[PDB]
$ cat protein-v3.cif   # mmCIF, C-alpha atoms and all ligand atoms
data_structure
#
loop_
_atom_site.label_atom_id
_atom_site.label_comp_id
_atom_site.auth_asym_id
_atom_site.auth_seq_id
_atom_site.Cartn_x
_atom_site.Cartn_y
_atom_site.Cartn_z
CA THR A 86 6.53 -33.37 26.04
CA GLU A 87 4.50 -30.19 26.67
CA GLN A 88 7.31 -28.12 25.10
CA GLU A 89 7.03 -30.16 21.88
CA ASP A 90 3.23 -29.73 21.78
CA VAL A 91 3.44 -25.96 22.23
CA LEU A 92 6.09 -25.76 19.48
CA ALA A 93 3.76 -27.59 17.07
CA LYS A 94 0.92 -25.14 17.87
CA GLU A 95 3.14 -22.10 17.22
CA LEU A 96 4.24 -23.63 13.90
CA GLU A 97 0.59 -23.89 12.81
CA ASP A 98 0.89 -20.13 12.07
CA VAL A 99 3.75 -20.61 9.57
CA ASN A 100 1.55 -19.20 6.77
CA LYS A 101 0.85 -15.99 8.73
CA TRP A 102 2.64 -12.64 8.91
CA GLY A 103 3.62 -12.21 12.55
CA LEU A 104 4.70 -15.75 13.42
CA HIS A 105 6.03 -15.88 17.00
CA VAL A 106 9.58 -16.55 15.78
CA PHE A 107 11.31 -15.77 19.10
CA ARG A 108 9.03 -18.17 20.99
CA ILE A 109 9.76 -20.84 18.36
CA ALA A 110 13.51 -20.24 18.80
CA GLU A 111 13.12 -20.84 22.55
CA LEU A 112 10.87 -23.92 22.25
CA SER A 113 13.10 -25.60 19.63
CA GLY A 114 16.32 -25.31 21.68
CA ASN A 115 17.57 -22.49 19.46
CA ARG A 116 16.72 -24.32 16.23
CA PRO A 117 14.21 -21.90 14.62
CA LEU A 118 15.80 -22.12 11.16
CA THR A 119 15.73 -25.93 11.12
CA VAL A 120 12.15 -26.37 12.37
CA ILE A 121 10.72 -23.50 10.29
CA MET A 122 12.49 -24.67 7.10
CA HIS A 123 11.35 -28.27 7.71
CA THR A 124 7.78 -27.10 8.28
CA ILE A 125 7.79 -24.98 5.11
CA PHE A 126 9.32 -27.78 3.00
CA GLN A 127 6.56 -30.14 4.20
CA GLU A 128 3.83 -27.52 3.62
CA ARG A 129 4.95 -26.90 0.03
CA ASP A 130 5.62 -30.61 -0.62
CA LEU A 131 9.22 -29.82 -1.63
CA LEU A 132 10.69 -33.06 -0.22
CA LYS A 133 8.51 -35.17 -2.52
CA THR A 134 8.78 -32.82 -5.51
CA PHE A 135 12.60 -32.80 -5.47
CA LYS A 136 13.08 -36.23 -3.84
CA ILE A 137 14.95 -34.80 -0.86
CA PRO A 138 15.55 -37.47 1.80
CA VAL A 139 14.23 -36.06 5.09
CA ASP A 140 17.42 -37.05 6.97
CA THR A 141 19.47 -35.16 4.36
CA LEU A 142 17.32 -32.03 4.75
CA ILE A 143 17.60 -32.05 8.54
CA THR A 144 21.36 -32.68 8.46
CA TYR A 145 21.95 -29.77 6.07
CA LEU A 146 19.62 -27.46 8.01
CA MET A 147 21.29 -28.15 11.36
CA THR A 148 24.72 -27.65 9.76
CA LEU A 149 23.64 -24.36 8.15
CA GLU A 150 22.07 -23.18 11.40
CA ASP A 151 25.32 -24.02 13.23
CA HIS A 152 27.15 -21.58 10.94
CA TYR A 153 25.02 -18.65 12.11
CA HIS A 154 26.74 -17.11 15.16
CA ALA A 155 24.95 -17.49 18.50
CA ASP A 156 26.74 -14.40 19.89
CA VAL A 157 25.58 -11.94 17.19
CA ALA A 158 22.42 -10.16 18.37
CA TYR A 159 20.66 -9.58 15.05
CA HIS A 160 22.30 -11.41 12.14
CA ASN A 161 21.80 -14.88 13.57
CA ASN A 162 19.66 -18.00 12.98
CA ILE A 163 16.48 -16.29 14.26
CA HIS A 164 16.81 -13.58 11.60
CA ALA A 165 17.43 -16.24 8.94
CA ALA A 166 14.35 -18.17 10.09
CA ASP A 167 12.32 -14.94 10.03
CA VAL A 168 13.42 -14.05 6.48
CA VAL A 169 12.66 -17.62 5.30
CA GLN A 170 9.17 -17.52 6.79
CA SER A 171 8.50 -14.00 5.48
CA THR A 172 9.55 -15.09 1.97
CA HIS A 173 7.28 -18.12 2.34
CA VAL A 174 4.29 -15.85 3.11
CA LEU A 175 5.16 -13.44 0.26
CA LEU A 176 5.31 -16.37 -2.21
CA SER A 177 1.66 -17.13 -1.32
CA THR A 178 0.41 -13.64 -2.29
CA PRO A 179 -2.70 -13.96 -4.51
CA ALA A 180 -1.08 -11.71 -7.16
CA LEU A 181 1.75 -14.28 -7.46
CA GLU A 182 -0.59 -17.29 -7.62
CA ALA A 183 1.08 -19.99 -9.72
CA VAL A 184 3.55 -17.45 -11.14
CA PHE A 185 6.71 -19.19 -9.93
CA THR A 186 7.73 -22.82 -10.51
CA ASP A 187 8.61 -25.20 -7.69
CA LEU A 188 12.30 -24.74 -8.60
CA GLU A 189 12.00 -20.94 -8.30
CA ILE A 190 10.16 -21.35 -4.99
CA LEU A 191 12.92 -23.69 -3.78
CA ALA A 192 15.54 -21.13 -4.85
CA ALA A 193 13.87 -18.21 -3.03
CA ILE A 194 13.43 -20.19 0.19
CA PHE A 195 16.97 -21.61 0.07
CA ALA A 196 18.42 -18.16 -0.68
CA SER A 197 16.53 -16.76 2.31
CA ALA A 198 17.87 -19.51 4.58
CA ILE A 199 21.53 -18.95 3.68
CA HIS A 200 21.40 -15.21 3.00
CA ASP A 201 23.28 -14.10 6.16
CA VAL A 202 25.14 -17.30 7.16
CA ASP A 203 28.42 -16.80 9.07
CA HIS A 204 27.68 -13.08 9.53
CA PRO A 205 30.30 -11.60 11.94
CA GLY A 206 28.03 -8.84 13.26
CA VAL A 207 29.88 -6.02 11.45
CA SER A 208 29.11 -4.22 8.18
CA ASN A 209 30.73 -4.42 4.75
CA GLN A 210 32.11 -0.92 5.27
CA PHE A 211 33.70 -1.93 8.59
CA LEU A 212 35.28 -4.91 6.86
CA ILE A 213 36.64 -2.66 4.10
CA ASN A 214 37.89 0.00 6.57
CA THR A 215 39.75 -2.53 8.74
CA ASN A 216 41.47 -4.15 5.74
CA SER A 217 39.85 -7.47 6.63
CA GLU A 218 40.61 -10.78 4.95
CA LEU A 219 37.00 -10.89 3.69
CA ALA A 220 37.28 -7.50 1.96
CA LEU A 221 40.63 -8.56 0.47
CA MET A 222 39.13 -11.79 -0.85
CA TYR A 223 36.10 -10.09 -2.41
CA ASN A 224 37.67 -6.85 -3.66
CA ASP A 225 35.43 -4.61 -1.56
CA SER A 226 32.21 -5.49 -3.42
CA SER A 227 29.28 -7.28 -1.78
CA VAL A 228 31.84 -8.62 0.67
CA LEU A 229 29.53 -10.34 3.14
CA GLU A 230 26.92 -11.34 0.55
CA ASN A 231 29.48 -13.22 -1.51
CA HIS A 232 30.67 -14.92 1.68
CA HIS A 233 27.14 -15.96 2.77
CA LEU A 234 26.65 -17.60 -0.62
CA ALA A 235 30.03 -19.34 -0.57
CA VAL A 236 29.35 -20.82 2.87
CA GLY A 237 25.75 -21.85 2.08
CA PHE A 238 26.80 -23.74 -1.04
CA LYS A 239 29.96 -25.21 0.50
CA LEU A 240 27.95 -26.82 3.32
CA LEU A 241 25.99 -28.89 0.76
CA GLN A 242 29.21 -30.89 0.30
CA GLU A 243 29.33 -32.07 3.94
CA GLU A 244 28.29 -35.67 4.77
CA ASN A 245 24.62 -36.32 3.96
CA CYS A 246 24.01 -32.61 3.27
CA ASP A 247 23.36 -32.44 -0.50
CA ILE A 248 19.63 -31.67 -0.51
CA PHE A 249 19.80 -31.12 -4.29
CA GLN A 250 21.27 -34.57 -5.05
CA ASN A 251 18.18 -35.70 -7.01
CA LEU A 252 17.80 -32.55 -9.11
CA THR A 253 18.89 -32.78 -12.75
CA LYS A 254 22.12 -31.01 -13.75
CA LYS A 255 19.97 -28.38 -15.47
CA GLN A 256 17.91 -27.79 -12.34
CA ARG A 257 21.04 -27.52 -10.16
CA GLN A 258 22.60 -24.96 -12.51
CA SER A 259 19.41 -22.90 -12.65
CA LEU A 260 18.87 -22.98 -8.88
CA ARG A 261 22.49 -21.97 -8.22
CA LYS A 262 22.26 -18.99 -10.58
CA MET A 263 18.97 -17.83 -9.07
CA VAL A 264 20.20 -18.18 -5.48
CA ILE A 265 23.34 -16.14 -6.28
CA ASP A 266 21.26 -13.46 -8.03
CA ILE A 267 18.92 -13.23 -5.02
CA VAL A 268 21.50 -13.14 -2.23
CA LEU A 269 23.71 -10.61 -4.02
CA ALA A 270 20.59 -8.38 -4.23
CA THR A 271 20.40 -8.27 -0.40
CA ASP A 272 23.45 -5.95 -0.40
CA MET A 273 22.08 -2.54 0.70
CA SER A 274 24.38 -0.69 -1.71
CA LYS A 275 22.08 -2.09 -4.45
CA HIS A 276 18.80 -1.04 -2.77
CA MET A 277 18.24 2.26 -4.61
CA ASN A 278 18.82 0.75 -8.06
CA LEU A 279 16.71 -2.32 -7.17
CA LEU A 280 13.86 -0.07 -6.04
CA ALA A 281 14.16 2.15 -9.13
CA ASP A 282 13.88 -0.91 -11.37
CA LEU A 283 10.93 -2.25 -9.34
CA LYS A 284 9.09 1.04 -9.81
CA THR A 285 9.69 0.77 -13.56
CA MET A 286 8.17 -2.74 -13.60
CA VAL A 287 5.09 -1.51 -11.71
CA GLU A 288 4.51 1.27 -14.28
CA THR A 289 4.14 -1.21 -17.16
CA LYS A 290 3.12 -4.36 -15.26
CA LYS A 291 0.88 -6.85 -17.06
CA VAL A 292 -1.79 -8.79 -15.17
CA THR A 293 -4.65 -11.20 -15.80
CA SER A 294 -8.27 -10.17 -15.14
CA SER A 295 -7.85 -11.46 -11.55
CA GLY A 296 -4.72 -9.35 -10.92
CA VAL A 297 -2.13 -12.14 -11.20
CA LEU A 298 1.26 -10.92 -12.48
CA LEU A 299 2.52 -12.04 -15.88
CA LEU A 300 6.30 -12.48 -15.90
CA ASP A 301 7.80 -14.23 -18.90
CA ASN A 302 11.57 -13.76 -19.10
CA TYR A 303 14.28 -14.49 -16.57
CA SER A 304 15.11 -10.80 -16.05
CA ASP A 305 11.59 -9.94 -14.87
CA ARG A 306 11.12 -13.15 -12.84
CA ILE A 307 14.42 -12.86 -10.98
CA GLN A 308 13.79 -9.14 -10.41
CA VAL A 309 10.56 -9.95 -8.55
CA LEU A 310 12.27 -12.70 -6.51
CA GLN A 311 15.17 -10.36 -5.68
CA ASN A 312 12.80 -7.66 -4.45
CA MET A 313 10.68 -10.24 -2.61
CA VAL A 314 13.60 -11.53 -0.52
CA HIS A 315 14.86 -7.95 -0.09
CA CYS A 316 11.41 -7.04 1.29
CA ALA A 317 11.52 -10.05 3.62
CA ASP A 318 14.97 -8.91 4.80
CA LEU A 319 13.52 -5.43 5.44
CA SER A 320 10.24 -6.67 6.98
CA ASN A 321 10.86 -6.03 10.71
CA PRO A 322 8.95 -2.70 10.82
CA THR A 323 5.92 -4.31 9.10
CA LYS A 324 5.52 -6.98 11.81
CA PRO A 325 3.40 -6.71 14.96
CA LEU A 326 5.01 -4.10 17.24
CA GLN A 327 5.94 -6.69 19.90
CA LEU A 328 8.19 -8.43 17.34
CA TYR A 329 9.47 -5.23 15.70
CA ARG A 330 10.63 -3.78 19.04
CA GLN A 331 12.68 -6.94 19.68
CA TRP A 332 14.32 -6.65 16.25
CA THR A 333 15.13 -3.00 16.99
CA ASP A 334 16.75 -3.92 20.31
CA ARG A 335 18.84 -6.55 18.53
CA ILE A 336 20.06 -4.43 15.61
CA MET A 337 20.99 -1.64 18.05
CA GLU A 338 22.94 -4.12 20.22
CA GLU A 339 24.86 -5.25 17.11
CA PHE A 340 25.48 -1.69 15.88
CA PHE A 341 26.68 -0.56 19.32
CA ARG A 342 29.09 -3.52 19.49
CA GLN A 343 30.51 -2.50 16.09
CA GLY A 344 30.84 1.06 17.40
CA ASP A 345 32.72 -0.31 20.42
CA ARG A 346 35.16 -2.13 18.08
CA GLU A 347 35.59 1.11 16.08
CA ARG A 348 36.24 3.09 19.27
CA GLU A 349 38.81 0.49 20.42
CA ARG A 350 40.64 0.89 17.08
CA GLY A 351 40.52 4.72 17.05
CA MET A 352 38.22 4.83 14.02
CA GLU A 353 35.35 7.22 13.35
CA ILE A 354 32.19 5.63 14.76
CA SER A 355 29.68 4.72 12.04
CA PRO A 356 26.20 6.31 11.99
CA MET A 357 23.90 4.90 14.71
CA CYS A 358 26.75 2.83 16.24
CA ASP A 359 27.62 5.19 19.13
CA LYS A 360 25.88 3.98 22.30
CA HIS A 361 26.70 7.32 24.00
CA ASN A 362 25.09 9.43 21.22
CA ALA A 363 22.12 7.36 20.01
CA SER A 364 18.56 8.31 19.03
CA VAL A 365 17.01 4.85 18.58
CA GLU A 366 13.43 5.99 17.96
CA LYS A 367 14.32 8.82 15.56
CA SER A 368 16.53 6.34 13.69
CA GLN A 369 13.68 3.83 13.27
CA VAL A 370 11.32 6.51 11.96
CA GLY A 371 14.05 7.57 9.51
CA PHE A 372 14.63 3.93 8.50
CA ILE A 373 10.92 3.60 7.73
CA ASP A 374 10.61 6.94 5.91
CA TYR A 375 13.68 6.64 3.68
CA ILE A 376 14.04 2.87 3.11
CA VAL A 377 11.29 0.56 4.35
CA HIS A 378 8.15 2.48 3.41
CA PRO A 379 9.37 3.45 -0.10
CA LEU A 380 10.18 -0.21 -0.75
CA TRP A 381 6.98 -1.70 0.70
CA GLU A 382 4.74 0.91 -0.95
CA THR A 383 6.24 -0.10 -4.29
CA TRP A 384 5.84 -3.82 -3.55
CA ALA A 385 2.24 -3.07 -2.49
CA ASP A 386 1.60 -1.41 -5.85
CA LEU A 387 3.01 -4.48 -7.65
CA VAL A 388 0.68 -6.92 -5.85
CA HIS A 389 -2.20 -4.48 -5.18
CA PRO A 390 -4.12 -4.87 -2.94
CA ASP A 391 -2.60 -7.98 -1.29
CA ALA A 392 0.01 -6.14 0.80
CA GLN A 393 -2.42 -3.62 2.31
CA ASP A 394 -2.39 -5.26 5.77
CA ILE A 395 1.43 -5.26 5.82
CA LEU A 396 1.50 -1.57 4.83
CA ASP A 397 -1.14 -0.79 7.49
CA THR A 398 1.03 -2.38 10.18
CA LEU A 399 4.09 -0.47 8.96
CA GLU A 400 2.22 2.82 9.20
CA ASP A 401 0.86 1.93 12.68
CA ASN A 402 4.37 1.18 13.90
CA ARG A 403 5.83 4.36 12.43
CA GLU A 404 3.12 6.34 14.23
CA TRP A 405 3.91 4.60 17.51
CA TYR A 406 7.68 5.10 17.27
CA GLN A 407 7.13 8.76 16.38
CA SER A 408 4.89 9.17 19.47
CA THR A 409 7.80 8.08 21.70
CA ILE A 410 9.80 11.11 20.48
CA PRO A 411 9.00 14.14 22.68
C1 LIG B 1 14.92 -3.04 13.05
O1 LIG B 1 15.87 -2.13 12.50
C2 LIG B 1 16.70 -2.48 11.46
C3 LIG B 1 16.76 -3.76 10.91
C4 LIG B 1 17.65 -4.03 9.85
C5 LIG B 1 18.48 -3.03 9.34
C6 LIG B 1 19.47 -3.23 8.21
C7 LIG B 1 19.22 -2.21 7.16
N1 LIG B 1 19.05 -1.42 6.34
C8 LIG B 1 20.88 -3.01 8.76
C9 LIG B 1 21.96 -3.14 7.69
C10 LIG B 1 21.91 -4.49 6.97
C11 LIG B 1 22.92 -4.51 5.85
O2 LIG B 1 23.32 -3.44 5.34
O3 LIG B 1 23.34 -5.62 5.47
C12 LIG B 1 20.49 -4.76 6.45
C13 LIG B 1 19.42 -4.60 7.54
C14 LIG B 1 18.40 -1.76 9.92
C15 LIG B 1 17.52 -1.49 10.97
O4 LIG B 1 17.45 -0.24 11.53
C16 LIG B 1 18.36 0.82 11.21
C17 LIG B 1 19.79 0.50 11.63
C18 LIG B 1 20.02 1.14 12.99
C19 LIG B 1 18.75 1.91 13.32
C20 LIG B 1 17.96 2.03 12.03
MG MG B 2 22.79 -9.48 4.75
ZN ZN B 3 19.45 -10.32 6.44
#
$ encode --input "protein-v3.cif" --output "structure tokens"
Amino acid sequence: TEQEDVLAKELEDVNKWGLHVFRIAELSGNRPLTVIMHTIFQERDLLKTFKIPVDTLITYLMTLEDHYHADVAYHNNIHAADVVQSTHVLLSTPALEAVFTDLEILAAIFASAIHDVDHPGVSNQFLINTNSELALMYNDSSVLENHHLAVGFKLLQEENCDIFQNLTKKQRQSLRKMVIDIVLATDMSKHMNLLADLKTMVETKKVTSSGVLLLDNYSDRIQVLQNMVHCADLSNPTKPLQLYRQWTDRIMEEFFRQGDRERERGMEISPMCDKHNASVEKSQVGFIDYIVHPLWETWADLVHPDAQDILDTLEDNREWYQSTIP
């Protein structure tokens, strides 16, 4: 069908920053995570490398995608697909050429796919403040991130869903550890320490004559993967403005809905969650200035000069958002 042909054409840009992820979500019948993951696995020859039966991969992907909520505006399957594809592009940076093994690549992509699964559309702090079952289970620390991991791994046990069935025991153990380390690093309470450590790595980074990073031990390798997926998670403001503005609309819808739940419970409304007292544009500029730019500038220094175009787009978008403030 024409819809299937147009979907294939859009997916030809899977290796590019700025993939039309919303259009792909529409054309795939709201299956962006499944089609983008399948495309990336084929592009990187992961099915052959890890002997993953195609039917097993598709079954797991559709199951995982089903566990993202269709009624949450931001933290849904489209965001997961976007983070997966962004991680996929970041793994292809010239400065990281042949740095990571196929198992590490598999771990980063898998982590990205499951990193927000079963997200309820409310924050860790909301879950702690409302004495939720999730906060009780996880003792108030990385509440959602622990849950995303637990769900992502548990789904591998469903019928014809174990995509890692042909990995050795050693490989399975290593992948599990890496995936946990990466997803737990997506918790924003860890951002400042993660960034501080990334800056320290950049100060004494070792590279070849071509500028390829030299990472020997697990601590340094996982640190780069953690920051890579964190960057992918915080990549909305570095995307073409047309995409970024859609992500902004979605996060604000989610925040306002949380604020509505807080108002219904008589709680103090969280910052940027009050639809009656919101400054959307000022908030995005602040997000860029205090979180996104500091992170991306540091990543750009690590892989210099491969991230220059991403940084250029970020700066263009900050300038535009600022211009909308009278
Ligand atoms: C496009 O805008 C945003 C996209 C993502 C985020 C998040 C951050 N930080 C929201 C919080 C989320 C988390 O803490 O898990 C991680 C992602 C925040 C964004 O903007 C902020 C929140 C409200 C306005 C500014
Ligand atoms: Mg998250
Ligand atoms: Zn996320």
$ residues_around --input "protein-v3.cif" --residues "residue 141 of chain A" --least-positions-apart "6" --cutoff "7 Å" --atoms "only C-alpha atoms" --output "count of residues only"
4
$ residues_near_ligand --input "protein-v3.cif" --ligand "ligand MG 2 (chain B)" --cutoff "9 Å" --atoms "all atoms listed in the file" --output "short mmCIF file (atom, residue, chain, number, x, y, z; two decimals) with C-alpha atoms, in the frame of the given file"
data_model
loop_
_atom_site.label_atom_id
_atom_site.label_comp_id
_atom_site.auth_asym_id
_atom_site.auth_seq_id
_atom_site.Cartn_x
_atom_site.Cartn_y
_atom_site.Cartn_z
CA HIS A 160 22.30 -11.41 12.14
CA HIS A 200 21.40 -15.21 3.00
CA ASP A 201 23.28 -14.10 6.16
CA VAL A 202 25.14 -17.30 7.16
CA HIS A 204 27.68 -13.08 9.53
CA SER A 208 29.11 -4.22 8.18
CA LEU A 229 29.53 -10.34 3.14
CA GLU A 230 26.92 -11.34 0.55
CA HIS A 233 27.14 -15.96 2.77
CA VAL A 268 21.50 -13.14 -2.23
CA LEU A 269 23.71 -10.61 -4.02
CA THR A 271 20.40 -8.27 -0.40
CA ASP A 272 23.45 -5.95 -0.40
CA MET A 273 22.08 -2.54 0.70
CA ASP A 318 14.97 -8.91 4.80
#
$ closest_residue --input "protein-v3.cif" --among "A:410, A:228, A:252, A:292" --to "ligand LIG 1 (chain B)" --atoms "all atoms listed in the file"
A:228
$ residues_around --input "protein-v3.cif" --residues "residue 342 of chain A" --least-positions-apart "2" --cutoff "10 Å" --atoms "only C-alpha atoms" --output "number ranges by chain"
A: 157-158, 206-207, 336-340, 344-348, 358-360
$ atom_distance --input "protein-v3.cif" --atom1 "atom CA of residue 274 of chain A" --atom2 "atom CA of residue 315 of chain A"
12.1 Å
$ atom_distance --input "protein-v3.cif" --atom1 "atom CA of residue 216 of chain A" --atom2 "atom CA of residue 149 of chain A"
27.1 Å
$ closest_residue --input "protein-v3.cif" --among "A:329, A:240, A:90, A:199" --to "ligand ZN 3 (chain B)" --atoms "all atoms listed in the file"
A:199
$ closest_residue --input "protein-v3.cif" --among "A:212, A:377, A:174, A:313" --to "residue 227 of chain A" --atoms "all atoms listed in the file"
A:212
$ closest_residue --input "protein-v3.cif" --among "A:167, A:182, A:150, A:187" --to "residue 132 of chain A" --atoms "all atoms listed in the file"
A:187
$ closest_residue --input "protein-v3.cif" --among "A:320, A:294, A:86, A:258" --to "ligand ZN 3 (chain B)" --atoms "all atoms listed in the file"
A:320
$ residues_around --input "protein-v3.cif" --residues "segment 296-306 of chain A" --least-positions-apart "3" --cutoff "8 Å" --atoms "all atoms listed in the file" --output "NGL selection string"
:A and (179-182 or 184 or 290-293 or 309-310 or 388-389)
$ atom_distance --input "protein-v3.cif" --atom1 "atom CA of residue 198 of chain A" --atom2 "atom CA of residue 166 of chain A"
6.7 Å
$ build_atoms --input "protein-v3.cif" --residues "segment 126-139 of chain A" --atoms "N, CA, C and O atoms" --output "CSV table (one decimal), keeping the file's coordinate frame"
chain,number,residue,atom,x,y,z
A,126,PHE,N,9.0,-26.8,4.0
A,126,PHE,CA,9.3,-27.8,3.0
A,126,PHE,C,8.2,-28.8,3.0
A,126,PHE,O,7.8,-29.3,1.9
A,127,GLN,N,7.7,-29.2,4.1
A,127,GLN,CA,6.6,-30.1,4.2
A,127,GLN,C,5.3,-29.5,3.7
A,127,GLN,O,4.5,-30.2,3.0
A,128,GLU,N,5.0,-28.3,4.0
A,128,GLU,CA,3.8,-27.5,3.6
A,128,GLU,C,3.7,-27.3,2.1
A,128,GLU,O,2.6,-27.4,1.5
A,129,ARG,N,4.9,-27.1,1.5
A,129,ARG,CA,5.0,-26.9,0.0
A,129,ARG,C,5.3,-28.2,-0.7
A,129,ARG,O,5.5,-28.1,-2.0
A,130,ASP,N,5.3,-29.3,0.0
A,130,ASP,CA,5.6,-30.6,-0.6
A,130,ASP,C,6.9,-30.6,-1.4
A,130,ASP,O,7.0,-31.3,-2.4
A,131,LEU,N,7.9,-29.9,-0.9
A,131,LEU,CA,9.2,-29.8,-1.6
A,131,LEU,C,10.1,-31.1,-1.5
A,131,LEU,O,10.9,-31.4,-2.4
A,132,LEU,N,9.9,-31.8,-0.4
A,132,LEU,CA,10.7,-33.1,-0.2
A,132,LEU,C,10.3,-34.1,-1.3
A,132,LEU,O,11.1,-34.8,-1.8
A,133,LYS,N,9.0,-34.2,-1.5
A,133,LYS,CA,8.5,-35.2,-2.5
A,133,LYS,C,8.8,-34.7,-3.9
A,133,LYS,O,9.2,-35.5,-4.8
A,134,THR,N,8.6,-33.4,-4.2
A,134,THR,CA,8.8,-32.8,-5.5
A,134,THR,C,10.2,-33.0,-6.0
A,134,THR,O,10.4,-33.3,-7.2
A,135,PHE,N,11.2,-32.7,-5.1
A,135,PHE,CA,12.6,-32.8,-5.5
A,135,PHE,C,13.3,-34.0,-4.9
A,135,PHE,O,14.6,-34.1,-4.9
A,136,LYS,N,12.6,-35.0,-4.4
A,136,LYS,CA,13.1,-36.2,-3.8
A,136,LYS,C,14.2,-36.0,-2.9
A,136,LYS,O,15.3,-36.5,-3.0
A,137,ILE,N,14.0,-35.1,-1.9
A,137,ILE,CA,15.0,-34.8,-0.9
A,137,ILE,C,14.7,-35.7,0.3
A,137,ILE,O,13.7,-35.7,0.9
A,138,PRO,N,15.7,-36.6,0.6
A,138,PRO,CA,15.6,-37.5,1.8
A,138,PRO,C,15.4,-36.6,3.0
A,138,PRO,O,16.2,-35.6,3.2
A,139,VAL,N,14.5,-36.9,3.9
A,139,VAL,CA,14.2,-36.1,5.1
A,139,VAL,C,15.5,-35.9,6.0
A,139,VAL,O,15.8,-34.9,6.5
